[PDB]
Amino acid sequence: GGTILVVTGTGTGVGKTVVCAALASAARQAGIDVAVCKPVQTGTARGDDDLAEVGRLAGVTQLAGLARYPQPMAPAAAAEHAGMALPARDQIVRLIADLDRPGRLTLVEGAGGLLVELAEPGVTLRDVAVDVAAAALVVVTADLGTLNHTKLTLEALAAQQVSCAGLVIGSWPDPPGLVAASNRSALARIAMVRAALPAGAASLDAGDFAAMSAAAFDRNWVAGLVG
């Protein structure tokens, strides 16, 4: 196949979707074919639709979903509230495997953070990453508390031998305060920081988002993801 990369985060609202869009944009500009999938999407009754947002920001057309739940809650709770079931583990894996292809970067966007239940019983994006032999890109904030959450998430990845592809700061303030600057230096001692997306990136138009994305990542790292 190609390269499968799960995109997780330290939590919800940390920048998973905009990072997915930014990496997708950078890879497409490098001539890499990109697919993005969001196997579990909650909050659809609030307008949450991460695949649509990635298409809007990055131009990705190869978008794949599976489960959609109305309430903006954790998947298990949103499914319960809608009277629906979570997907099965093998259904999530099938979605991803159908996309995987030599030369293609397939990004698998999680729901919330790494240990959120996506399938019964207690199957998480970590388990899915093992099934499809994917590394994990971890989206983090620059805010107070990020170092603890990042180290917790990386330890959890290592516990199941899921390689960490690096960190991305989802929103980087301009100018940075003392806490944000300190956190960025400390994050870079824990793992490679692949990018720090400028605050407000999700509000850029298509052309400005593309330029931001190309400058945000190291071109050699993006090109090295897919042979």
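Rigid core here is just the name for the largest C-alpha set that superposes within 1.5 Å across the two forms. Residue positions are given as counts along the sequence shown, with the first one as 1.
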Superpose on the core, then say which of 125-133 and 112-120 ends up with the larger RMS Cα offset from this form in 9 other deposited structures of this protein.
112-120
Which is higher on mean Cα B factor in this entry, 164-172 or 54-62?
54-62
Do the CA atoms of 199-207 or those of 20-28 have the higher mean B-factor in the entry?
199-207
Please work out which residue in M84, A74, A156, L107 has the highest C-alpha B-factor recorded for this crystal structure.
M84
Per the entry's values, where does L187 land by CA temperature factor relative to the rest of its chain, in the lowest, middle or highest third?
lowest
Mind checking which third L178 falls in for C-alpha B-factor across the chain?
highest
Third of chain Cα B-factors occupied by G47:
highest
Can you work out whether the C-alpha temperature factor of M212 puts it in the lowest, middle or highest third of the chain?
highest
Assert third(CA B-factor, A136) within chain per record equals lowest
